[PDB]
Each structure stands twice: as structure tokens, then as C-alpha cells.
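Structure at a glance
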Amino acid sequence: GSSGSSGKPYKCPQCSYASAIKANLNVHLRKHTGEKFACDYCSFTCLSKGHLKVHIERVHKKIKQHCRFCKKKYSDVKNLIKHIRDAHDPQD
Ligand SMILES: [Zn+2]
Ligand SMILES: [Zn+2]
Ligand SMILES: [Zn+2]
């Protein structure tokens, strides 16, 4: 085999786990982490829901949007909903 000798230097700070590879320690620590809260507007993720609120309140507040029925542009997603409820209503 082309692999190196035994010893498992890369060790977990939280449990008895060890490996010979840094990527195996990185992947293992993902079990010990907190909850991932994802953004509703981008691929962003956070371990703190209060920082995720600030991310949306700064990055995705008064965000440009378009209608899925008439392709009209809108200045806020909340303004687009009122347009869909008036012009494209679900009969419910
Ligand atoms: Zn561990
Ligand atoms: Zn985002
Ligand atoms: Zn529309």
C-alpha cells in the first residue's frame, strides 16, 4: 500500500476519536457542532439564528423580485404577494 504508517495524530477535542488525515478530523467535528439555520434568500448558513436574522435584515431587506405569472418586477417580496393575491388569486 502507498499510505503512511499508523499513529492517528489528528484527535478529537470532544471524544476518544482519532484519524491519520486532517479532513477526517474536520468531517468528524460536524457531528459535535450546533444547528445549521439556512437563509431563505441565498445559500448562506449559520450556527446562530440571531445572526441569520441580521443577515436577512441587511442583505435581503427591500430585495428586488419578479412575478411567476406575469414577470412584472417588484421592490419587495411582500409587495409581490399582494399583487399575486389581487391579479393571480388561488380562488381560496
Ligand atoms: Zn469527536
Ligand atoms: Zn442570505
Ligand atoms: Zn403578476
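Residues numbered from 1 in each chain as written, not as in the entry; some residues may be left out. Chains lettered and ligands numbered in written order. Heavy atoms only, no water.

Method of determination, as given in the entry header: solution NMR.

Points about the coordination of the zinc ion (ligand 3)
With distances of 1.9 to 2.2 Å, the protein atoms coordinating the zinc ion (ligand 3) are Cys67 (SG), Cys70 (SG), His83 (NE2) and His88 (NE2). One can describe the site at the zinc ion (ligand 3) as tetrahedral: its four donor atoms subtend angles covering 103 to 113° at the metal. Binding-site remark: the zinc ion (ligand 3) is held by donors from one chain whose sequence spacing is C-x2-C-x12-H-x4-H. Taken as a pair, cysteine 67 in the loop between β5 (65–66) and β6 (73–74) and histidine 88 in the segment after α3 (77–87) lie far apart in primary sequence, 21 residues in all. A relative accessible area of 0% means that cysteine 67 is categorised as buried. (Donors = N, O, S within 2.8 Å, 3.2 Å for Na, K, Ca; no water. Tetrahedral: all angles 85-135°; square planar, octahedral: opposite > 155°, others 65-115°. Helix = DSSP H or I, 4+ residues; strand = E, 2+ residues; numbered from the N terminus. Buried < 20%, exposed > 50% of the residue type's maximum accessible area, 1.4 Å probe, protein only.)

Considerations on the packing of aromatic side chains
Inspection of the entire model under this criterion finds zero aromatic pairs. If you follow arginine 68 out to its NZ or CZ, it ends over the ring of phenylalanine 69, 5.5 Å from the centre. (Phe/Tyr/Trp six-rings, centres within 6.5 Å; stacked < 30°, edge-to-face > 60°. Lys NZ or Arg CZ within 6 Å of the ring centre and 35° of its normal.)

Comments concerning the coordination of the zinc ion (ligand 1)
The protein atoms that coordinate the zinc ion (ligand 1) are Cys12 (SG), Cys15 (SG), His28 (NE2) and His32 (NE2), at distances of 1.9 to 2.2 Å. One way to put it: the four donor atoms around the zinc ion (ligand 1) meet at angles of 104 to 116°, and that makes the site tetrahedral. Counting gaps between the donor residues of the zinc ion (ligand 1) yields the pattern C-x2-C-x12-H-x3-H. On the criterion of sequence distance, the pair formed by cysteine 15 in the loop between β1 (10–11) and β2 (18–19) and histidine 28 in helix α1 (residues 22–29) is long-range, its members being 13 residues apart. By relative accessible area, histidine 28 is classed as buried at 8%.

Notes on the side chain of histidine 60
One can find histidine 60 in the loop between α2 (49–59) and β5. Of note is the side chain of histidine 60, whose polar atom sits 3.0 Å from the side chain of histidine 55. When sequence neighbours within four positions are dropped, the list of residues in contact with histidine 60 reads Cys39, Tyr41, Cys42 and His55. (Polar contact = N/O pair within 3.5 Å; in protein donor to acceptor, adjacent residues only side chain to side chain. Contact = heavy atoms within 4.5 Å.)

Here we look at the pattern of salt bridges
Where charged atoms from two side chains of opposite charge come close, those side chains can pair. Enumeration according to the criterion identifies one salt bridge in this entry. Two residues, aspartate 76 and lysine 62, come together in a salt bridge whose shortest N-O distance is 2.8 Å. With a gap of 14 residues between them, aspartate 76 in the loop between β6 and α3 and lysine 62 in the loop between α2 and β5 connect regions that are remote in the sequence. With a relative accessible area of 10%, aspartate 76 lands in the buried category. (Salt bridge = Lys/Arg side-chain N within 4 Å of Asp/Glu carboxyl O.)

Observations concerning the environment of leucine 80
As for its placement among the helices and strands, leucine 80 is situated in helix α3. Placed 43 residues apart in sequence, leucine 80 and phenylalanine 37 show a C-alpha to C-alpha distance of 25 Å. Sequence-distant contacts of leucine 80, that is, excluding residues within four places in its chain, are made with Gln65, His66, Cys67 and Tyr74.

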